[PDB]
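Below: one structure, written as C-alpha cells.
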Amino acid sequence: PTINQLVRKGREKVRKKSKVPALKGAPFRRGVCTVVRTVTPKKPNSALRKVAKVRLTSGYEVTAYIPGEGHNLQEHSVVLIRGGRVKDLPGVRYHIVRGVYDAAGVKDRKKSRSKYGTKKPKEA
Amino acid sequence: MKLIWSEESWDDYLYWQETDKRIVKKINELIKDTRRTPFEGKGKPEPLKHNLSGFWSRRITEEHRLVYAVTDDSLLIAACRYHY
Amino acid sequence: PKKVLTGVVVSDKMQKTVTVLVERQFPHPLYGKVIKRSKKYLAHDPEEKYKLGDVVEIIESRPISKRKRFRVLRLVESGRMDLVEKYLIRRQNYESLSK
Amino acid sequence: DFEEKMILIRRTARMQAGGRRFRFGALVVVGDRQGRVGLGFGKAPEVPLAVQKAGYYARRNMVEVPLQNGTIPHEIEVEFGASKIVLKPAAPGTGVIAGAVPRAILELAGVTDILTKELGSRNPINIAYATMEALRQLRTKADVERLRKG
Amino acid sequence: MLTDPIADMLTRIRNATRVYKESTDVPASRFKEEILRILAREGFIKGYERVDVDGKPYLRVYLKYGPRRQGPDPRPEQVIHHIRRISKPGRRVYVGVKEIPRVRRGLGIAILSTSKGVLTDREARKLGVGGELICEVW
Amino acid sequence: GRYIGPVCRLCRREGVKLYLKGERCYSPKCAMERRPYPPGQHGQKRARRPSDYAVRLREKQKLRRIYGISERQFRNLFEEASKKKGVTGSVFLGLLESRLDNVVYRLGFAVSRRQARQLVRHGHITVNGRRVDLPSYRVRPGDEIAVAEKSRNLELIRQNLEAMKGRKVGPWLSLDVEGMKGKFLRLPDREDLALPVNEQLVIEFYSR
RNA sequence: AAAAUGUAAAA
RNA sequence: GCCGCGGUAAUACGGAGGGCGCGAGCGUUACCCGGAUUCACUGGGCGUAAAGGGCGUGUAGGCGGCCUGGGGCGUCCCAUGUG
Ligand SMILES: [Mg+2]
Ligand SMILES: [Mg+2]
Ligand SMILES: [Mg+2]
Ligand SMILES: [Mg+2]
Ligand SMILES: [Mg+2]
Ligand SMILES: [Mg+2]
Ligand SMILES: [Mg+2]
Ligand SMILES: [Mg+2]
Ligand SMILES: [Mg+2]
Ligand SMILES: [Mg+2]
Ligand SMILES: [Mg+2]
Ligand SMILES: [Mg+2]
Ligand SMILES: [Mg+2]
Ligand SMILES: [Mg+2]
Ligand SMILES: [Mg+2]
Ligand SMILES: [Mg+2]
Ligand SMILES: [Mg+2]
Ligand SMILES: [Mg+2]
Ligand SMILES: [Mg+2]
Ligand SMILES: [Mg+2]
Ligand SMILES: [Mg+2]
Ligand SMILES: [Mg+2]
Ligand SMILES: [Mg+2]
Ligand SMILES: [Zn+2]
C-alpha cells in the first residue's frame, strides 16, 4: 500500500479475544456446583473425565474440570474456578482449584502437590 | 436393562473366562459401563453398519472386540474375540 | 507573539465578518510524507472591506463573539477566486456521499 | 583438517510399491577459527556415510571471513530464496547471538561477537546456504578502495 | 512522464552495470550532474561528460567495474554493488545533521543536497549541515 | 541462603575439577579424583551429545558454583556488567572477584570461599579500619582487608595465614602475612584469573 | 454402450 | 501449553530411587509488551497459496520535464527562552 494509502487509510491495529472470560478478568471466581458428572473425551482418546457445571459469582454458568484422581464434589458444593481449557473436552474452558472451599485436595497425592492442593505429608 | 448373551457369545465369554482373566474383567467392566447408559461410555463406542448395522461395537484391546444391541431395557452381547 | 496566519476569504455573507481558509503542512509523525490539512477562521472585518477571493493575514485577537477570536490583519493579494473554487467544489462534492 | 560440526540430520524418504525406502541427509559446517568456513550437505543411504560426504563436500568449498577483532567488517542482509538473514558487527563482549544454524557456522569461522536475525523461511538448509553466501560477500576497507582506483 | 528523474538515473546505472556495459546516457540536469560528480569523485564511475543526442542534452556516464575472475561464471565483481534511492517524491526524507546515515559502516556513502551543496555523509558532517537525504551507495 | 549441602559432587556433574571443597579437593579425592563421572545412578553411561543449551547452562552453573553465590545475585551482577562500558565478559568476572568474601580467600585468610563467607560473616574481618560482615560487600581498589583483634589469635586464622608464608598472591593483590593485612591493588584482568570457564558462553546464556 | 458400494484398531 | 501419552513390558499416567532447576521461596491463574517482518515507517505482499476493482470517463486529493532569476513557507544551521 502506497505511503499515501497508509496516510489515508492506515494499518489495522489487532485485537485479542479473551480465550476465557472468568469474568472481570479476575484470576479466579468462586461459584457453586449445580451438576457433577463423567463425560467422555474427544476424537482419539477415550476415558471418563470428571467435570461440573458451575454458577459463578460473575453471573455466568460454565462447565469446569476437576483435576486429579477422584473428588468429593456433590451438588450444592462451592468451588473456586481457575481457568484453562482441555484440548480433549468440548466447551470446558475452566479448571477447578482443588483444596479451596468445598474442593478437597487429592487424597494420597505425593508428587506435584502445589497443584492438587495437598499439604506436605507428615512422614511418621 | 437385562443382560442377554447367546450361543456364540456365552461360548465366546467362557473361553475368555477360562483362558485369560485380563480380558474377562475388562469385558464385564464395560458391560457395567453400558448396562445403565449404552452407546456412550468406555472402550470407544461407535455405531456399526452393514454386516452388523443394528449392532454396536466397543473397542476393547484393538484386535478383540464386543458387539451388542440396545432395546429399551435388555442389552445383547454378540461376540468377544476377533476384529470385525 | 500573537499568532498570525494567512488564508483566503471564502464567505463574506456575514455582517462585519469573513471566513478565512488557512492551509498548513507538517510531516506525518509516522509515515514521513508531508500532508496538507486546513481550517476556517471567522475574522472581524468592522470595515467590511475584504471581499471574497482576497488572501489575507489573520492575527490572534481579543474575543469578538463566540467563534470570533481573530481580526483581519492586512490584504496580501486580491482576486484568488481560483482557490475559493477548490473550496466550493470540494464542498459541493458532499452531496455525492450521503443516502 | 578443521573443526567440523554438523547442523541437522534428517531422514527423508521415497515411495515404491511394497513400501517406502528411506535416505538420510546431514548438513555439516567446518572451519578453523581464523576465517575459513565450509558448508557441505550430503545424502546417502546411511547416517555415518552422510556426515562423511558432508565433510568431504564441506571442505571442497569455503569462505575468506575478514574477521576484525572477531567481529565483521560491516552488516549485510542476504536472501537465499525464501530465507533471509542479517548479520551485524558487535563490539567485543557481546557474543554470537544468532540462530542455531547461523551460529554453528559463525563459530567455526572464528566469529567472536556478532548480532543476527533470521527473517523469512527459517528452514535450516536455505538459511544455512544463505549465511555462507552472506559472509562470502563481506568486504574490508581494503577490498573497497581497491575497486575504486583511478 | 518521469515522476522522479534522479531515481531513474540511479536505476539506469544499476541496470547497465548488471550487463557490464561500458557506458550509458541520461537527460541532463545540473542536479543530475553534481550527483555523478561524486560517484566519480569517489571512484564509482570513471566519470561523465555532457554529450548531445539529437540536440537533446544527455550525460554519458562511464562505468567502473572490477577485475575478471576465475571459476565458473568469470563475470567481474562491481564497483557499485548497491545503489538505492532514499528520499522519494512520494515521501521526502530530510535529516538533521545529528542523524546522518553511517552507510555500510564507513565503507558506503550517502549523498544529500543541502543549502551548501550536494555533499556526502562525511562532507555533510564536516560542515555540520543536514538536508534531503538523496541516496545511499556502495 | 547460599547453596549448602553436598559439594564435591558438583565438581562431578560439571565434569571439571572444582576447588569448592578446600584442602580435601587437593588430596587424592576432590571426590572427583575417584569418581570423575557425574552423580546419580547414571553418572557412568555414555552421555548424549549435549545441546547448545546444555553447554551454555553447564558453563554458567560452573562459574556460579565456583564463587558459590545465589542465582539471584549472580544474575544481578551480570546485568550491571552489561551496564558499564567494558568488555562485559571480563568486567563481569572483574566484579565477581571484587566481593569481600572472595578477596578474603584470594588473599589467603581462608581455605575456601565457603569457609571464608563464614569468616567475613562472623565479623572476623575488617576493611580500612572498621569491620564488615557482608560477604557481598564490593571491595574497592586500595582497600586494606585485615582481621580484628578478637580474631587475630585464633587456631584457624593461624594455620591459614601460616601456610601462606611463602605463597604468592594474585597480581592484583598484596599481603602483609605478618600483620594479617593485604590490599586490593587494582581490578584483576582476564589473564590474572583463569577459572575453567568461558566468559563468552556465560554471556550467551543470559542472552537467550 | 449402461454396472453401485464397502467390511474399523493409524507405533 | 502445543505435537500428543495410556489396550502388559510407559523415561509422557500414579508411587519410589535417583536427577535437574531455583531457594524463604517455588509453582499456578489473569492481564500487558515479546517472540509476531502475524497491520510490515524501520519491516510484508496480491499469475496459481488470502489478495487487481468486469471496463471505461472523470471530481476531490496525491504525484510532476530542461534553464535562469526573485521570495525563502517546508528544509538545514547558530544563538537564545522553554522543556
Ligand atoms: Mg492456559
Ligand atoms: Mg482439537
Ligand atoms: Mg430400532
Ligand atoms: Mg522474497
Ligand atoms: Mg513464515
Ligand atoms: Mg535480550
Ligand atoms: Mg477404509
Ligand atoms: Mg510398565
Ligand atoms: Mg511430562
Ligand atoms: Mg514422568
Ligand atoms: Mg513416573
Ligand atoms: Mg527471541
Ligand atoms: Mg509488530
Ligand atoms: Mg513497508
Ligand atoms: Mg487465489
Ligand atoms: Mg476478482
Ligand atoms: Mg460492480
Ligand atoms: Mg482517467
Ligand atoms: Mg487532478
Ligand atoms: Mg518539479
Ligand atoms: Mg526557483
Ligand atoms: Mg523558511
Ligand atoms: Mg532549545
Ligand atoms: Zn572438590
- When the C-alpha atoms of chain F are aligned to their principal axes, what extent does each axis show, in angstrom, from largest down? 54, 43, 31
- Taking Cα atoms only, helix F:88-97 is inclined relative to the longest principal axis of chain F by an angle, in degrees rounded to 10, of 50
- Taking chain D as the reference, fit the longest principal axis to its C-alpha atoms, fit the long axis of helix D:124-135 to the helix C-alpha atoms, and give the angle between the two in degrees, 0 to 90, nearest 10. 30
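Above 55 angstrom, tally the Cα pairs of the protein assembly as shown and express them as a % of all pairs, no decimals. Kindly include the intermediate steps, with their values, before the conclusion.
Details: 152740 of 322003 pairs.
Value for the protein assembly as shown: 47 percent of Cα pairs lie more than 55 Å apart.
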- Task: Compute the relative contact order of chain C as a whole-number percentage, counting only Cα pairs closer than 8 Å that sit 6 or more residues apart in sequence.
- Result: 26
- Item | Estimated [θ] at 222 nm from DSSP helical runs (n ≥ 4, -39500 (n - 2.57)) normalised by residues in chain F, nearest 500 | -10500 deg cm²/dmol
- Query: In the range A:14-99, what GluC sites (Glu not before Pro) fall in a loop by DSSP, with at most 15 other Cβ atoms inside 10 Å?
  - Reply: A:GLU69, A:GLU75
- Message: With just the Cα atoms defining each centre, how far is the range F:69-119 from the range E:82-138? Give it in Å.
- Response: 47
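How do D:113-125, F:188-200 rank on mean C-beta neighbours within 10 Å, highest first? Write out the running numbers ahead of the final one.
On the way: D:113-125: 17.4, F:188-200: 15.4.
Those peptides, ordered most packed to least, come out D:113-125, F:188-200.
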- Kindly state, to the nearest 0.05, the FRET efficiency for D:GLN137 paired with C:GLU23, given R0 = 56 Å and r defined as their beta-carbon distance. 0.70
- Task: Using a Förster distance of 45 angstrom, determine the FRET efficiency expected from the C-beta separation of A:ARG37 and A:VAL14, and round it to 0.05.
- Result: 0.70
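When Cβ neighbours within 10 Å are restricted to other protein chains, what is their mean count per residue of peptide F:195-207? Display every interim value, and only then the final one.
Details: counts 0, 0, 0, 1, 2, 8, 1, 1, 6, 6, 1, 1, 4.
Shielding by partners across F:195-207 averages 2.
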- Message: How big is the dipole moment of the protein assembly as shown about its Cα centre under a simple scheme where the beta carbon of each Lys and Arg is +1, that of each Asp and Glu is -1, and everything else is neutral? Debye, nearest 20, please.
- Response: 1780
- Using label points projected 7 Å from each Cα along Cα→Cβ, tell me how many nm separate B:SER74 and E:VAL97, to one decimal. 10.5
- Note on the structure: Relative contact order in percent for chain D (Cα pairs under 8 Å, 6+ apart) equals 22
- Message: Run the helix sum for chain E: -39,500 (n - 2.57) per DSSP H stretch of 4+ residues, divided by residue count, reported at 222 nm to the nearest 500 deg cm²/dmol.
- Response: -6500 deg cm²/dmol
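Among rounded, prolate and oblate, which fits chain E when a ≥ b ≥ c are the square roots of the eigenvalues of its C-alpha gyration tensor, a/c under 1.5 means rounded, and a/b larger than b/c means prolate? Walk me through the intermediate numbers first.
Numbers: a/c = 1.94, a/b = 1.25, b/c = 1.55.
Cα axes put chain E in the oblate bin.
Per DSSP H run of n ≥ 4, the term is -39500 (n - 2.57); total these for chain D, divide by its residue number, and report the mean residue ellipticity at 222 nm rounded to 500 deg cm²/dmol.
Mean residue ellipticity, 222 nm, calculated: -7500 deg cm²/dmol.
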- Descending packing, highest mean Cβ count within 10 Å first, for A:84-92, D:84-92 is D:84-92, A:84-92
- Note on the structure: extent check for chain D: Cα max minus min per principal axis, descending, whole Å, gives 67, 37, 34
- Got the relative contact order for chain B handy, in percent, Cα pairs under 8 Å and 6 or more residues apart? 33
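Based on other C-beta atoms within 10 Å, arrange B:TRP10, B:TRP16 from fewest to most.
Details: B:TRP10 12, B:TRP16 20.
Least crowded to most crowded, the residues run B:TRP10, B:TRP16.
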- Task: Ignore the peptide's own chain and count Cβ atoms of other chains within 10 Å of each Cβ in F:85-97; give me the average, rounded.
- Result: 2
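Per residue of D:87-94, how many C-beta atoms from partner chains lie within 10 Å of its own C-beta, taken as a mean? Numbers along the way, then the final one.
Values: counts 0, 1, 1, 0, 3, 5, 13, 8.
The per-residue average across the peptide is 4.
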- Spin-label model distance (nm) - C:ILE59 vs F:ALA54, 7 Å beyond Cα toward Cβ: 8.4
- Note on the structure: If E:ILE111, C:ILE89, B:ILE27 are placed from fewest to most neighbouring beta carbons inside 10 Å, the sequence is C:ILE89, B:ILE27, E:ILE111
- Note on the structure: Stokes-Einstein D for the range E:81-138 (10 °C, 1.306 mPa s, Kirkwood Rh from Cα pairs), in µm²/s, comes to 142
- Cut-off 9 Å between beta-carbons: net charge of the residues surrounding E:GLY117, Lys and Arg +1, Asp and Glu -1: -1
- Specify the inter-centroid distance of the range A:85-103 and the range C:34-83, based on alpha-carbon positions, in whole Å. 69
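Rounded, prolate or oblate, given the Cα gyration tensor of chain C, with a/c below 1.5 counting as rounded? Show your work: numbers first, answer last.
Details: a/c = 1.74, a/b = 1.26, b/c = 1.38.
Because a/c hits 1.5 or more and a/b fails to exceed b/c, chain C counts as oblate.
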- Please arrange A:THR40, A:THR34 by counting, for each residue, the other beta carbons lying within 10 Å of its beta carbon, fewest first. A:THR34, A:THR40
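With a Förster radius of 41 Å, plug the Cβ-Cβ distance of C:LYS36 and D:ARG122 into 1/(1 + (r/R0)^6) and report the FRET value to the nearest 0.05.
Values: r = 43 Å, r/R0 = 1.06.
It comes to 0.40.
Using the Kirkwood formula over every pair of different C-alpha atoms, what hydrodynamic radius in Å results for the range F:97-184? Numbers along the way, then the final one.
Working: mean 1/r = 0.0804 Å⁻¹.
It is 12.4 Å.
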- Query: Which of the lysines could a cross-linker span from F:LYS45 if the Cα-Cα distance has to be under 27 Å and same-chain partners fewer than 8 positions apart are dropped?
  - Reply: D:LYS5, F:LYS17, F:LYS21, F:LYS29, F:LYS60, F:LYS62
- Note on the structure: Whole-Hz Karplus couplings 3J(HN,Hα) for the range D:73-88, θ = phi - 60° and coefficients 6.51, -1.76, 1.60, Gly and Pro as x, run x, 8, 10, 9, 10, 9, 10, 8, x, 8, 9, 9, 8, 10, 10, 9
- Note on the structure: Rounded to one decimal in nm, the spacing of the 7 Å Cα→Cβ label points at E:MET1 and D:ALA44 is 6.6
- According to the square roots a ≥ b ≥ c of the eigenvalues of the Cα gyration tensor, what is the shape class of chain B, taking rounded for a/c under 1.5, prolate for a/b larger than b/c otherwise, and oblate for the remainder? rounded
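Every residue, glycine as well, gets a Cβ built from its backbone with ideal geometry; the counts of neighbours run over all protein chains shown. Bear in mind these aren't lab numbers, they're just calculated from the coordinates by the rules spelled out.
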